[PDB]
Amino acid sequence: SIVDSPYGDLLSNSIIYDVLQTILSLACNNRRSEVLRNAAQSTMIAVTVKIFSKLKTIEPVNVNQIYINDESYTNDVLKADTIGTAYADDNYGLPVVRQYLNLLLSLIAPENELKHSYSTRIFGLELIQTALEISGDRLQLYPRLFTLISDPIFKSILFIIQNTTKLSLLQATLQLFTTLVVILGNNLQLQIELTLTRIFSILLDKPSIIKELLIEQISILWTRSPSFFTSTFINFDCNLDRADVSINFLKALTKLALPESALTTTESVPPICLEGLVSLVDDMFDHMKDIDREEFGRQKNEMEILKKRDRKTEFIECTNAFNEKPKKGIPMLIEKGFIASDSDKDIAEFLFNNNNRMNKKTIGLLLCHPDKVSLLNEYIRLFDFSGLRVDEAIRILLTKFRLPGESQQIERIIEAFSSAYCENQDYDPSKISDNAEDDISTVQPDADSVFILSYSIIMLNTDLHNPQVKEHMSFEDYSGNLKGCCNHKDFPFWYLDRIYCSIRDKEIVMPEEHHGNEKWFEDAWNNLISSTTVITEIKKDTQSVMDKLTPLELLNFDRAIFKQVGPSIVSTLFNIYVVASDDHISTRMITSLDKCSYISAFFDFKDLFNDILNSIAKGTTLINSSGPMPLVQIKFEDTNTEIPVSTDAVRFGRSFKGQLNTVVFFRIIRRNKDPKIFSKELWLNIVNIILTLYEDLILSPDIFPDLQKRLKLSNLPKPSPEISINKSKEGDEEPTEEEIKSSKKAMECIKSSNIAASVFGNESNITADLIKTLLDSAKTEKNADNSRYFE
Amino acid sequence: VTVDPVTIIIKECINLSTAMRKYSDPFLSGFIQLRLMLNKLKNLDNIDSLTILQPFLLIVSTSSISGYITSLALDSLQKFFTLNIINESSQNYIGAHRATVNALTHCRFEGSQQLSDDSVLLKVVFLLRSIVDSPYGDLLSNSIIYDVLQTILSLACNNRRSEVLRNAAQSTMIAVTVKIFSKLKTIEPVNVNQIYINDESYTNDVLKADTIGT
């Protein structure tokens, strides 16, 4: 009651932190109660809602500044329940929300698995999910909370996904992951790539229940994320130095859609995969609302992003060559379009940009060379420091470098760092002594001064973050060691205090941490955190790259992804349509096939379009190439009609899939706008289906009667029937009432298929090929089996 | 707010559907239908909130379901409320909230031992307090709020329950009384000239027995 009131909002950070501690201790302590625990959980949920709502109305601080991650992640611990039996003294703000997020992380920490129960971890994940769903982008604006979400919370999420079996923790973890990807997906690209790769790996090889839950949550991911698979394609497949997340995702979905994949997997997965594929097709179709395909054809240039995306395989080959040996890799990179020129500026730019798919230790070993020492001077000139209190400069330098073991190369690295630090910061003669806590106008060492300070910093890190070294290093000893420093003077007390504390409660992050096993997950996440979340420069972009793309380029990306993943999708769609048995699933499948035909016709994919149409024709089971039931024409004694009872008649009347595919096929033919899209097999199939539908059933030879009336010729001779009877019941007993009504149903379907306007009158289907095939498919022989209609 | 509430709705729908499937028919069908309808959507406009809440309210009101399922349903309802999924900018929000409160009032279930019953009843009472003490609860109806008073007071006075549940019911009753008379402070007074005669009967309303539960 207090917290959810203005009086609560006028409290202090320490008080509200103690409130959080006590309420959460009551909520997540066994042996207390159940009703009391639920009340405490609801109270904690409400308090979190209020806290982050208050966070929503606080302006950001230092928007233009660059943040160097230095705060520790193990400063808050949930103290044991004992109730019964800026700075503090302010009015809330960022300190309380930061400490609350830190405590929540301590709840779900991957190194605290043995110290907390599963209900506590699920509750912590739920609290984090509520906080995210309340704050979102406004939370993304602030740097420390975004760091605590990027590195450690997502590390915990990935660890839980990889190494859990309770499935109740897994459900909460997957829900939080989906919430993160939906809300703050555009700023957590690397984490999403890693998590999705792990999920695909686990899903393609543990009980089936885990895979079912994984696929269900990831399914709820793609439906609601705006225009999925194409944002993923753009951000990952076309960005290089990453993995083809979208293409691999679609390939795994196609591999998991067949019933052969329904085996040794939960049977509810295949419908989910089919929904995903249908969603991709529908998204592509919706992207073609009003595009005027002529305009698409008029386009000449291709997006340079796609051009580089087509060059990715040779990029991987060049990267492997570079990792093997730089003296051979560099000529290979400069031969192709990756490296602009042999100028060291371009080489430094490349070595700075793509520090994700380049062996960092190999980079360090290469860069120690003399010519590579000149390259190193240019490369560190490429950096940007603007102060950073020396230690943050060291962190920046070591983010994308593995220091070689030998001391000579370390000396070269540190001296180049000193020179670049001097160059990138213009010192001033102020040089204020104590009683000056800032670093811009005050601390101003020299080249050898910062050299000594940086060597001391490295020594302090390697001495204070190794458990195998007895004792530690104190502030007094370190300060005494750094006597005889800048300007032959000593550093200020505040400066050394800050440096010592910063290197104390944070280990310097370095890439290529280990090589082996038993720490593979820690190594992977270290090579992730080394890239981001140590530097968080907010670009304040309006949205993801999706919105800043013109509709033509969006359609181009759709065309590329379809070119990659089309044949597989259409193959699995036809497979499941053949297997399918239910009415609704078959109708949805054939609608998806119709949309696929439309999309193939839009992008002028002749092979795919003819493949899908020919598959429809062969599934029609009406144009097969390679017992005999004579056809019977039915005329009543009243209300004269025509009911031809033939083999194909009953075969069609007892084929739901047959009629569905016929009507869809002729609808597709109706929609067509180009004649030079079909194939010879396609034209043969359509001419044959129309001919066999003319032999019997309902295709009257009244097509284009205007010409017949022009020459005053009579109606065409109707093909004779094999066994024609006239009924007086309104004998030899050939027809049956149910087969009669089945033939009537087939007649109704065929007359509803509007064949005449579908095939002939479309102003485009009338081309040389159609009439040429019509003439070639003629008959010139007088056998009895065909004399019934030969003339 | 600004957090695409349709995503929260679909998450709760898939959660409840998965729970029912694991525990194991019209309720699951309604959840699936709502799932599809919301999936083919982009915001919450042009669709009445009563349709969104109807499966959840129906699964709350039904008597022959397990306590775990209705507990999950009530948790989903409270998450819907606390995130303001249904607001003043939604169709039939008056009807939606009135239906939610009506379904809560006549809640029933069956299942496990007294601890689970106490937990689900506590969730019910918390949701009723959260909704009445809010503006939306102020925009309820006379009969609905009278029924809320009847149910909460009956639960409080019943001696066959636990102690914590009775304390929670007492606290909620005090809060609801405070809210009712605080609203009474704002109503424009009735005729101050005509003389009133106390012909209205003094005893017609008798507290009913507890009905929510097994």
# chains A, B, ... in the order shown; residues from 1 in each chain; ligands from 1
>>> closest_atom_pairs(of="chain A", to="chain B", cutoff="10 Å", atoms="only C-alpha atoms", output="JSON lines")
{"residue": "A:33", "atom": "CA", "partner": "B:115", "partner_atom": "CA", "distance": 9.0}
{"residue": "A:34", "atom": "CA", "partner": "B:119", "partner_atom": "CA", "distance": 6.7}
{"residue": "A:35", "atom": "CA", "partner": "B:119", "partner_atom": "CA", "distance": 5.2}
{"residue": "A:36", "atom": "CA", "partner": "B:164", "partner_atom": "CA", "distance": 7.2}
{"residue": "A:37", "atom": "CA", "partner": "B:119", "partner_atom": "CA", "distance": 9.2}
{"residue": "A:38", "atom": "CA", "partner": "B:119", "partner_atom": "CA", "distance": 6.9}
{"residue": "A:39", "atom": "CA", "partner": "B:122", "partner_atom": "CA", "distance": 7.6}
{"residue": "A:42", "atom": "CA", "partner": "B:126", "partner_atom": "CA", "distance": 8.3}
{"residue": "A:43", "atom": "CA", "partner": "B:126", "partner_atom": "CA", "distance": 9.8}
{"residue": "A:45", "atom": "CA", "partner": "B:82", "partner_atom": "CA", "distance": 9.3}
{"residue": "A:46", "atom": "CA", "partner": "B:82", "partner_atom": "CA", "distance": 8.0}
{"residue": "A:49", "atom": "CA", "partner": "B:82", "partner_atom": "CA", "distance": 8.2}
{"residue": "A:130", "atom": "CA", "partner": "B:83", "partner_atom": "CA", "distance": 8.8}
{"residue": "A:132", "atom": "CA", "partner": "B:3", "partner_atom": "CA", "distance": 9.2}
{"residue": "A:133", "atom": "CA", "partner": "B:3", "partner_atom": "CA", "distance": 6.3}
{"residue": "A:134", "atom": "CA", "partner": "B:1", "partner_atom": "CA", "distance": 7.0}
{"residue": "A:135", "atom": "CA", "partner": "B:3", "partner_atom": "CA", "distance": 8.3}
{"residue": "A:136", "atom": "CA", "partner": "B:3", "partner_atom": "CA", "distance": 7.1}
{"residue": "A:137", "atom": "CA", "partner": "B:3", "partner_atom": "CA", "distance": 9.2}
{"residue": "A:171", "atom": "CA", "partner": "B:15", "partner_atom": "CA", "distance": 9.0}
{"residue": "A:175", "atom": "CA", "partner": "B:11", "partner_atom": "CA", "distance": 7.9}
{"residue": "A:178", "atom": "CA", "partner": "B:11", "partner_atom": "CA", "distance": 9.5}
{"residue": "A:179", "atom": "CA", "partner": "B:7", "partner_atom": "CA", "distance": 8.6}
{"residue": "A:182", "atom": "CA", "partner": "B:7", "partner_atom": "CA", "distance": 8.7}
{"residue": "A:183", "atom": "CA", "partner": "B:3", "partner_atom": "CA", "distance": 7.4}
{"residue": "A:213", "atom": "CA", "partner": "B:18", "partner_atom": "CA", "distance": 9.0}
{"residue": "A:216", "atom": "CA", "partner": "B:14", "partner_atom": "CA", "distance": 8.5}
{"residue": "A:217", "atom": "CA", "partner": "B:14", "partner_atom": "CA", "distance": 8.7}
{"residue": "A:220", "atom": "CA", "partner": "B:11", "partner_atom": "CA", "distance": 7.6}
{"residue": "A:221", "atom": "CA", "partner": "B:7", "partner_atom": "CA", "distance": 9.3}
{"residue": "A:223", "atom": "CA", "partner": "B:39", "partner_atom": "CA", "distance": 6.5}
{"residue": "A:224", "atom": "CA", "partner": "B:7", "partner_atom": "CA", "distance": 6.7}
{"residue": "A:225", "atom": "CA", "partner": "B:7", "partner_atom": "CA", "distance": 9.1}
{"residue": "A:226", "atom": "CA", "partner": "B:42", "partner_atom": "CA", "distance": 8.7}
>>> closest_residue(among="A:761, A:404, A:480, A:93", to="residue A:60", atoms="only C-alpha atoms")
A:93
>>> atom_distance(atom1="atom CA of residue A:69", atom2="atom CA of residue A:536")
8.3 Å
>>> closest_atom_pairs(of="stretch 23-122 of chain B", to="stretch 143-151 of chain B", cutoff="9 Å", atoms="only C-alpha atoms", output="JSON lines")
{"residue": "B:98", "atom": "CA", "partner": "B:144", "partner_atom": "CA", "distance": 7.3}
{"residue": "B:101", "atom": "CA", "partner": "B:144", "partner_atom": "CA", "distance": 7.3}
{"residue": "B:102", "atom": "CA", "partner": "B:144", "partner_atom": "CA", "distance": 6.4}
{"residue": "B:104", "atom": "CA", "partner": "B:148", "partner_atom": "CA", "distance": 8.6}
{"residue": "B:105", "atom": "CA", "partner": "B:148", "partner_atom": "CA", "distance": 6.0}
{"residue": "B:106", "atom": "CA", "partner": "B:151", "partner_atom": "CA", "distance": 8.4}
>>> write_last_selection(atoms="N, CA and C atoms", output="PDB file, in the first residue's frame")
ATOM      1  N   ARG B  98     -16.846  -5.385 -16.705  1.00  0.00           N
ATOM      2  CA  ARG B  98     -17.999  -5.908 -15.982  1.00  0.00           C
ATOM      3  C   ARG B  98     -18.071  -7.421 -16.094  1.00  0.00           C
ATOM      4  N   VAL B 101     -15.373  -9.006 -13.832  1.00  0.00           N
ATOM      5  CA  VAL B 101     -15.729  -8.992 -12.418  1.00  0.00           C
ATOM      6  C   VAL B 101     -16.849  -9.983 -12.141  1.00  0.00           C
ATOM      7  N   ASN B 102     -17.817 -10.085 -13.052  1.00  0.00           N
ATOM      8  CA  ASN B 102     -18.902 -11.041 -12.873  1.00  0.00           C
ATOM      9  C   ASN B 102     -18.376 -12.471 -12.873  1.00  0.00           C
ATOM     10  N   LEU B 104     -15.334 -13.407 -12.055  1.00  0.00           N
ATOM     11  CA  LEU B 104     -14.594 -13.588 -10.813  1.00  0.00           C
ATOM     12  C   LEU B 104     -15.533 -13.858  -9.647  1.00  0.00           C
ATOM     13  N   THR B 105     -16.662 -13.148  -9.599  1.00  0.00           N
ATOM     14  CA  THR B 105     -17.577 -13.282  -8.471  1.00  0.00           C
ATOM     15  C   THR B 105     -18.114 -14.703  -8.356  1.00  0.00           C
ATOM     16  N   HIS B 106     -18.539 -15.288  -9.475  1.00  0.00           N
ATOM     17  CA  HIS B 106     -19.090 -16.637  -9.493  1.00  0.00           C
ATOM     18  C   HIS B 106     -18.042 -17.684  -9.841  1.00  0.00           C
TER      19      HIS B 106
END
>>> closest_residue(among="A:540, A:293, A:155, A:595", to="residue A:674", atoms="only C-alpha atoms")
A:293
>>> residues_around(residues="stretch 436-446 of chain A", least_positions_apart="2", cutoff="12 Å", atoms="only C-alpha atoms", output="compact mmCIF listing (two decimals) with N, CA and C atoms, in the first residue's frame")
# COMPACT_ATOMS: atom_id res chain seq x y z
N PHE A 385 39.61 7.71 -28.07
CA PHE A 385 39.70 7.62 -26.62
C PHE A 385 39.03 8.80 -25.92
N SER A 386 39.48 10.02 -26.18
CA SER A 386 38.93 11.22 -25.54
C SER A 386 38.88 11.07 -24.02
N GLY A 387 40.03 10.73 -23.45
CA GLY A 387 40.15 10.62 -22.01
C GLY A 387 40.14 9.19 -21.50
N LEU A 388 39.03 8.79 -20.87
CA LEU A 388 38.77 7.43 -20.41
C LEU A 388 39.68 6.97 -19.28
N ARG A 389 40.37 7.88 -18.60
CA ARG A 389 41.02 7.57 -17.32
C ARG A 389 42.01 6.41 -17.45
N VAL A 390 42.68 6.33 -18.60
CA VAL A 390 43.75 5.36 -18.84
C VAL A 390 43.25 3.92 -18.76
N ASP A 391 42.57 3.55 -17.67
CA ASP A 391 42.14 2.17 -17.52
C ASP A 391 41.05 1.81 -18.52
N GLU A 392 40.10 2.72 -18.75
CA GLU A 392 39.10 2.45 -19.78
C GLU A 392 39.72 2.46 -21.16
N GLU A 415 53.85 0.76 -26.13
CA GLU A 415 54.42 2.03 -26.57
C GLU A 415 53.58 2.66 -27.68
N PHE A 417 50.40 2.23 -27.91
CA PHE A 417 49.24 2.71 -27.17
C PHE A 417 49.53 4.06 -26.52
N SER A 418 50.72 4.21 -25.93
CA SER A 418 51.09 5.47 -25.31
C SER A 418 51.11 6.60 -26.34
N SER A 419 51.74 6.34 -27.49
CA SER A 419 51.80 7.36 -28.53
C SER A 419 50.41 7.76 -29.00
N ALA A 420 49.54 6.77 -29.22
CA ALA A 420 48.20 7.07 -29.69
C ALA A 420 47.38 7.79 -28.63
N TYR A 421 47.56 7.44 -27.36
CA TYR A 421 46.85 8.13 -26.30
C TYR A 421 47.26 9.59 -26.23
N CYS A 422 48.55 9.86 -26.37
CA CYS A 422 49.00 11.25 -26.43
C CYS A 422 48.40 11.96 -27.64
N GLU A 423 48.39 11.30 -28.80
CA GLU A 423 47.91 11.95 -30.01
C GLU A 423 46.42 12.25 -29.94
N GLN A 425 44.48 12.83 -27.37
CA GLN A 425 44.03 13.70 -26.29
C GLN A 425 44.99 14.88 -26.19
N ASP A 426 44.48 16.08 -26.42
CA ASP A 426 45.29 17.29 -26.36
C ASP A 426 45.39 17.75 -24.91
N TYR A 427 46.57 17.58 -24.31
CA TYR A 427 46.78 17.96 -22.93
C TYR A 427 46.84 19.48 -22.78
N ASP A 428 46.61 19.95 -21.56
CA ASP A 428 46.60 21.38 -21.26
C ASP A 428 47.34 21.64 -19.96
N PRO A 429 47.97 22.81 -19.82
CA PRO A 429 48.86 23.05 -18.68
C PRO A 429 48.16 23.21 -17.33
N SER A 430 46.85 22.97 -17.26
CA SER A 430 46.15 23.07 -15.99
C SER A 430 46.77 22.14 -14.95
N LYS A 431 46.74 20.83 -15.23
CA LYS A 431 47.40 19.82 -14.40
C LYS A 431 47.00 19.95 -12.93
N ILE A 432 45.70 20.09 -12.69
CA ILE A 432 45.21 20.33 -11.34
C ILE A 432 45.56 19.16 -10.44
N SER A 433 45.99 19.47 -9.23
CA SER A 433 46.37 18.49 -8.23
C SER A 433 45.12 17.98 -7.52
N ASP A 434 45.28 17.44 -6.31
CA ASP A 434 44.17 16.94 -5.51
C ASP A 434 43.06 17.98 -5.40
N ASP A 448 55.82 8.10 -21.66
CA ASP A 448 56.43 7.11 -20.79
C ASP A 448 55.63 6.95 -19.51
N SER A 449 54.98 8.02 -19.05
CA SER A 449 54.15 7.94 -17.86
C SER A 449 53.00 6.97 -18.07
N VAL A 450 52.26 7.12 -19.17
CA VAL A 450 51.15 6.21 -19.43
C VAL A 450 51.67 4.83 -19.78
N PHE A 451 52.87 4.73 -20.36
CA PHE A 451 53.49 3.43 -20.56
C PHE A 451 53.64 2.68 -19.24
N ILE A 452 54.25 3.34 -18.26
CA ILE A 452 54.45 2.71 -16.95
C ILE A 452 53.11 2.40 -16.30
N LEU A 453 52.16 3.34 -16.39
CA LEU A 453 50.86 3.13 -15.76
C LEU A 453 50.13 1.94 -16.38
N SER A 454 50.19 1.81 -17.71
CA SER A 454 49.52 0.70 -18.38
C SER A 454 50.17 -0.63 -18.05
N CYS A 485 56.66 8.53 -11.35
CA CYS A 485 55.72 8.45 -12.46
C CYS A 485 55.53 9.86 -12.99
N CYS A 486 54.42 10.08 -13.71
CA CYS A 486 54.21 11.22 -14.60
C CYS A 486 54.87 12.52 -14.14
N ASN A 487 55.64 13.13 -15.04
CA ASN A 487 56.39 14.35 -14.76
C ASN A 487 57.34 14.18 -13.58
N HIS A 488 57.84 12.95 -13.40
CA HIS A 488 58.69 12.58 -12.27
C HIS A 488 57.95 12.77 -10.94
N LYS A 489 56.64 13.02 -11.02
CA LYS A 489 55.78 13.18 -9.86
C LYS A 489 55.06 11.87 -9.57
N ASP A 490 54.07 11.92 -8.69
CA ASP A 490 53.22 10.78 -8.40
C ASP A 490 51.78 11.10 -8.79
N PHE A 491 51.04 10.06 -9.16
CA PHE A 491 49.65 10.23 -9.55
C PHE A 491 48.80 10.67 -8.36
N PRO A 492 47.69 11.34 -8.61
CA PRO A 492 46.81 11.75 -7.51
C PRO A 492 46.18 10.56 -6.82
N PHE A 493 45.80 10.78 -5.56
CA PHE A 493 45.20 9.72 -4.76
C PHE A 493 43.87 9.26 -5.35
N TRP A 494 43.04 10.21 -5.80
CA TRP A 494 41.74 9.84 -6.36
C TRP A 494 41.91 9.03 -7.63
N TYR A 495 42.86 9.41 -8.48
CA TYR A 495 43.07 8.70 -9.74
C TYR A 495 43.45 7.25 -9.49
N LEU A 496 44.44 7.03 -8.64
CA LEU A 496 44.85 5.67 -8.32
C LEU A 496 43.75 4.90 -7.61
N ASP A 497 43.00 5.55 -6.73
CA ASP A 497 41.90 4.88 -6.06
C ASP A 497 40.88 4.37 -7.07
N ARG A 498 40.50 5.23 -8.02
CA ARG A 498 39.52 4.84 -9.02
C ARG A 498 40.06 3.73 -9.91
N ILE A 499 41.32 3.82 -10.33
CA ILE A 499 41.89 2.78 -11.18
C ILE A 499 41.93 1.45 -10.45
